[PDB]
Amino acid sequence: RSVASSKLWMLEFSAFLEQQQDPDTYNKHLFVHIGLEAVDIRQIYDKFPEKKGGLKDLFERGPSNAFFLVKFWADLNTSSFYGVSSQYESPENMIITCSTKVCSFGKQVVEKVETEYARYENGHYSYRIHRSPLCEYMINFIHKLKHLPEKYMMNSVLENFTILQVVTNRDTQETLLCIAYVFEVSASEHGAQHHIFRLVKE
């Protein structure tokens, strides 16, 4: 129930590499996967676009209960398909728009926009972005990270890399979820790890 406003809950998020050995055999590797401490949002403003409709403008518009910060410890240890899959629940039947902006030094480099419709499910409604192609920039970025001899060098690069995800009701233009993503490379036994935080005004 962690990444959830009062109008939308992201139950699932994953980014992955799938390889097809042969027409009947598939191998999937997860870079990150999600399946409550507060953070002052003003601490991360310089890390995202701050023009009109930027993170600040979005937060001050509200609702303040839609804003989250996720820290990922990404597992980079691995006929190719690079994908992102996410699942959402809402009490309402809506047209949702999902905007994902990749940022470097707080500047947008690439945006992907997806429009999703509801499906009735046990008295509520579900939304799914299934197997969305990971854009060229991110594939190449991942490749360049992988070729670094040292893990701390990877983290140094990621210090100025952020991803901003904004889910919006297309009709009312209400922010349903806003998720700020910060990344490090995982160095553990378990593989990919994460921690979710709520963004607050103070």
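We number the residues from 1 along the sequence you see.
**Student:** Indicate whether the chain is continuous between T78 and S79 or, if not, how many deposited residues are absent from the coordinates: none, 1 to 3, 4 to 9, or 10 or more.
**Tutor:** Gap between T78 and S79: 4 to 9 unmodelled residues.
**Student:** Relative to the deposited sequence, how many residues with no modelled coordinates occur between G62 and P63 (none, 1 to 3, 4 to 9, 10 or more)?
**Tutor:** Missing in between: none.
**Student:** Which is higher on mean Cα B factor in this entry, 67-75 or 119-127?
**Tutor:** Here the higher of the two C-alpha B-factor means belongs to 119-127.
**Student:** Going by the B-factors listed in the PDB entry, is the mean over the C-alpha atoms higher for 8-16 or for 187-195?
**Tutor:** Mean C-alpha B-factor is greater for 187-195.
**Student:** Which is it among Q165, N140, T162, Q43: the one with the largest CA B-factor in the entry?
**Tutor:** Out of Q165, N140, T162, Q43, the record gives the largest C-alpha B-factor to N140.
**Student:** Whose C-alpha has the highest temperature factor in the PDB entry: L177, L158, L55, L145?
**Tutor:** Each of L177, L158, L55, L145 was compared by C-alpha B-factor; the highest is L145.
**Student:** What third of the chain does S90 rank in for C-alpha temperature factor, lowest, middle or highest?
**Tutor:** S90: CA B-factor falls in the lowest third of its chain.
**Student:** Is the Cα B-factor recorded for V84 in the lowest, middle or highest third of its chain?
**Tutor:** Within its chain, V84 is a middle-third residue by C-alpha B-factor, going by the deposited values.
**Student:** Relative to the other modelled residues of the same chain, rank the CA B-factor of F31 and answer lowest, middle or highest third.
**Tutor:** CA B-factor rank for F31: middle third.
**Student:** Based on the entry's values, in what third of the chain does the Cα temperature factor of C98 lie: lowest, middle or highest?
**Tutor:** Tercile = middle for this residue's CA B-factor.
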